[PDB]
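In: Give me coordinates for this.
(one chain, ligands or ions: 4)
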Amino acid sequence: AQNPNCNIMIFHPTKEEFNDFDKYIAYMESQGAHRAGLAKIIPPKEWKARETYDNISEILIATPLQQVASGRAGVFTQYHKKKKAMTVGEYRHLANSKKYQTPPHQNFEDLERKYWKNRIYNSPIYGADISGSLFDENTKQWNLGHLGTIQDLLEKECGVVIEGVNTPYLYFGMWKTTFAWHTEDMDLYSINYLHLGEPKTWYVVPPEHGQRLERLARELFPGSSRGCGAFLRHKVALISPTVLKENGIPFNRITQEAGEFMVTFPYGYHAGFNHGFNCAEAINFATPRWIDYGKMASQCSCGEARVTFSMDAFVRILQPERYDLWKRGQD
Ligand SMILES: O=C(O)CNC(=O)C(=O)O
Ligand SMILES: [Mg+2]
Ligand code: NI
Ligand SMILES: [Zn+2]
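Out: Numbers count the residues shown, from 1 in each chain. Ligands and ions are numbered 1, 2, ... in the order given. Sure, the structure comes next:
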């Protein structure tokens, strides 16, 4: 079995290997990449997402989110307080202000220490889940706005035609902006490109060990656990690497830099933080290997998780028994 220790693998495709997305994902899996839950893909040196980032300041962040923490430094939840709209130019200024800027640090490890020590004492502002793309339409390889859709994959695999579309989202981050522990909707894959700015640190649990994370989460967030049998779908809970190590949960960490892709694999729990002002783009996708994960994905039916239009068909077709109860949570 390839990659039995579930290490995060890093790939360096040639420009020739960068032509066929599906084939390259399947190659990575042949080498065991999926076992980690997360892989890094460094694009060929000839490749570019677009010519420059000079003209992005007028993108609107219609609902910036202030991420307010509660709990203790290594075990906390965050809630998202909606703030007034601002442009990317305004947001970049805000991220760079004395109140919100990255502190002096030695290296990524020192910054990671400072994040876990101090995150809860600040409330950074995140521009998340903004429908759109920063890939030039003329970028033909690994353009996250031109991937094959999850609906077409399900049709090709299963023969059922369904409604729904599949489009990318932009994330504008600052120091301490945080993504809570989660898997993707319907345990899909995700791909994330860091277009510009400061890094993003990721933590990931191997898919084969996801239930160990869930068990710990139920212990650490006991009221949330009683409220919902899939409360990690709410995307609000954080657990530090120190805490994971204390409880014997297998995980790995890696820092993504501007110009690099990360792929998360089905049922790979992941969490992370941004080092400073940055812009990422991400999208879910599917492969044939995903189908069985989609059929087994947990679902939130308490009403908190509230997700896209397109998830309806996935639940309806892959999880008909759950559909009724899940839909009640949706409405
Ligand atoms: O970059 C972020 O804030 C969050 N991204 C993801 O969880 C992802 O790409 O799956
Ligand atoms: Mg603009
Ligand atoms: Ni994700
Ligand atoms: Zn729920």
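
In: Show me what the helix or strand hosting residue 76 packs onto, helices and strands only.
Out: Element membership of residue 76 [criterion: DSSP states H and E] is strand 75-82. Here strand 75-82 touches strand 65-72, strand 178-182, strand 237-239, going by 3 or more CB pairs under 8 Å, 6 or more residues apart in numbering; DSSP states H and E. C-beta here means a position set from N, CA and C on the backbone, and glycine is covered the same way.

In: my read: residue 75 touches residue 238, true?
Out: Yes - with contact defined as CB atoms under 8 Å, residue 75 reaches residue 238; the gap is 7.3 Å.

In: Looking at those two, which one has more neighbours?
Out: For residue 75 versus residue 238, neighbours defined as other CB atoms under 10 Å are more numerous around residue 238 (25 against 18).

In: Would you mind naming what in the protein lies close to ligand 1?
Out: 171, 179, 190, 192, 200, 264, 280, 282 (CB under 6 Å from any ligand atom).

In: Report the beta-bridge partners for residue 201.
Out: Under DSSP bridges, the beta-bridge partners of residue 201 are residue 255, residue 273.

In: In this structure it contacts residue 257, no?
Out: No - taking contact to mean CB under 8 Å, the distance of 10.4 Å between residue 201 and residue 257 leaves them out of contact.

In: Neighbour count for the two, which is higher?
Out: Using other CB under 10 Å as the criterion, residue 201 and residue 257 rank with residue 201 on top: 18 against 15.

In: before we move on, the earlier item: out of the residues of the chain next to ligand 1, what pair is the most spread apart?
Out: Farthest-apart pair in these is 171 and 264; separation 14.0 Å (CB to CB).

In: Among these two, which residue is more densely surrounded?
Out: residue 264 (27 against 21).

In: which residue sits closest to the more buried one, ignoring its sequence neighbours?
Out: residue 190 (4.5 Å; CB to CB, 6 or more residues apart in numbering).

In: same question, residue 115
Out: Nearest to residue 115 is residue 273, by CB to CB, 6+ apart, at 5.4 Å.

In: Is it correct that that neighbour is in contact with residue 179?
Out: Yes - counting by CB under 8 Å, residue 179 is a contact partner of residue 273 at 7.4 Å.

In: In the stretch 101-250 of the chain, which residue sits nearest ligand 4?
Out: residue 228 (3.2 Å; CB to the ion).

In: State the three-state secondary structure for the residue lying closest to that residue once chain neighbours are set aside.
Out: In this structure, residue 228 finds its nearest non-sequential neighbour in residue 302, 4.0 Å apart by CB to CB, 6+ apart. With DSSP: H, G, I helix; E, B strand; the rest coil as the basis, the three-state label of residue 302 is coil.

In: residues contacting the closest residue to ligand 2 within the stretch 51-200 of the chain?
Out: Taking CB to the ion as the measure, the stretch 51-200 of the chain has residue 58 as its residue closest to ligand 2, at 3.2 Å. When the contact criterion is CB atoms under 8 Å, 6 or more residues apart in numbering, the partners of residue 58 are 87, 88, 89.

In: Please apply the same query to residue 283.
Out: 144, 145, 147, 166, 167, 168, 169, 190, 191.

In: Buried among those residues? Need that as a selection in PyMOL.
Out: Provided next is the PyMOL selection string for whichever of the contacts of residue 283 are buried by 16 or more other CB atoms under 10 Å:
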select buried, resi 144+147+166+168+169+190+191
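
In: So which of the contacts of residue 283 sit within strands?
Out: 169, 190, 191 (DSSP state E).

In: Quickly find the element holding the residue nearest to the last one when sequence neighbours are not counted.
Out: Which is residue 191. Leaving aside its chain neighbours, residue 191 sits nearest to residue 263 (5.2 Å; criterion: CB to CB, 6+ apart). Assigned by DSSP H and E, residue 263 belongs to strand 261-264.

In: Run through the neighbouring helices and strands of that strand.
Out: Going by 3+ CB pairs under 8 Å, 6+ apart, strand 261-264 lies up against strand 38-41, strand 189-197.

In: In PDB, list the C-alpha atoms belonging to it.
Out: Only the C-alpha atoms of strand 261-264 are listed here, as PDB (Å, rounded to 0.1, in the frame of the first residue of the first chain):
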ATOM      1  CA  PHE A 261      -2.200  24.500  -5.000                       C
ATOM      2  CA  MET A 262      -3.500  22.300  -2.200                       C
ATOM      3  CA  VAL A 263      -5.900  19.400  -2.800                       C
ATOM      4  CA  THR A 264      -8.100  18.000   0.000                       C
END
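
In: quick one: the strands in the stretch 101-250 of the chain?
Out: 125-131, 169-173, 178-182, 189-197, 200-204, 237-239 (DSSP state E, counting those that start in this stretch).

In: Make CSV out of those and add distance to residue 153.
Out: CSV is the format used below for those (distance: least, CB to CB, whole Å):
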stretch, distance to residue 153
strand 125-131, 20
strand 169-173, 19
strand 178-182, 21
strand 189-197, 10
strand 200-204, 23
strand 237-239, 30
